[PDB]
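Data block below; observations after.
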Amino acid sequence: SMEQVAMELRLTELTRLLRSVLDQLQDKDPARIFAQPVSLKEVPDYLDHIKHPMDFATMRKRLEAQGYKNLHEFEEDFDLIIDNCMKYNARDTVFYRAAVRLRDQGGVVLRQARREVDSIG
């Protein structure tokens, strides 16, 4: 149906906008702390601590399968990146501090992304 197609075109356009959001958020992580999944070879206990791991590569795979239906879904995954890191790592660590900075800087980007998603529809 044409209605199915139009819905598909909206998903595609949201996918475009979320790719640009993703790039901008990932630029706020120049150390690449959040670029890849935590390795279970190098942190064997990780899944005892963190039940839903997340990273920018895993978000990028979901994005390219058009797997985010709305901004809320995408933000949930972003927040997992930050929130997981801030539980596993102590306050005095470079990891925790990097999460804080990504959160604070990413807030700005997400604030305008929400306006654009609502505005364009």
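Residue names in the structure tokens use chain letters A, B, ... in the order shown, residue numbers from 1 in each chain, and ligand numbers from 1 in the order shown.
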Report the residues of region 13-77 of chain A whose backbone DSSP state falls under alpha helix (DSSP H), written as an MDAnalysis selection string. chainID A and resid 13:27 46:49 56:64 71:77
If you count only C-alpha atoms, which residues fall within 10 Å of region 38-49 of chain A, apart from same-chain ones fewer than 5 positions away, as a VMD selection string? chain A and resid 33 54 to 55 84 to 85 87 to 88
Residues near residue 11 (chain A), cut-off 10 Å, only C-alpha atoms, skip fewer than 6 positions along chain, as a CSV table (one decimal) with N, CA and C atoms, in the first residue's frame:
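Just written: around_31.csv:
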chain,number,residue,atom,x,y,z
A,5,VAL,N,4.3,2.5,2.3
A,5,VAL,CA,5.4,3.2,1.8
A,5,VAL,C,5.7,4.6,2.4
A,17,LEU,N,18.3,11.5,10.2
A,17,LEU,CA,18.5,12.5,11.2
A,17,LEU,C,19.2,11.8,12.5
A,66,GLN,N,17.6,0.3,10.3
A,66,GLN,CA,16.4,1.1,10.7
A,66,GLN,C,15.6,0.6,11.9
A,67,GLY,N,16.4,0.2,12.9
A,67,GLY,CA,15.8,-0.4,14.1
A,67,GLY,C,15.4,0.6,15.2
A,68,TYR,N,15.5,1.9,15.0
A,68,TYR,CA,15.0,2.9,16.0
A,68,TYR,C,13.7,3.5,15.3
A,69,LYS,N,12.5,3.2,15.9
A,69,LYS,CA,11.2,3.7,15.4
A,69,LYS,C,10.9,5.1,15.8
A,70,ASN,N,11.6,5.6,16.8
A,70,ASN,CA,11.4,7.0,17.4
A,70,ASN,C,12.7,7.4,18.1
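Closest approach to residue 21 (chain A) from the set A:82, A:90, A:59, A:99 is made by A:59, with distances taken over only C-alpha atoms.
Taking CA of residue 110 (chain A) and CA of residue 81 (chain A) as endpoints, the distance between them is 14.7 Å.
Interatomic distance, CA of residue 31 (chain A) against CA of residue 97 (chain A): 11.6 Å.
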Atom pair CA of residue 26 (chain A) / CA of residue 100 (chain A): separation (Å):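 These atoms are spaced 13.7 Å apart.
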Judged by only C-alpha atoms, the minimum distance to residue 53 (chain A) among A:107, A:121, A:30, A:37 is found for A:37
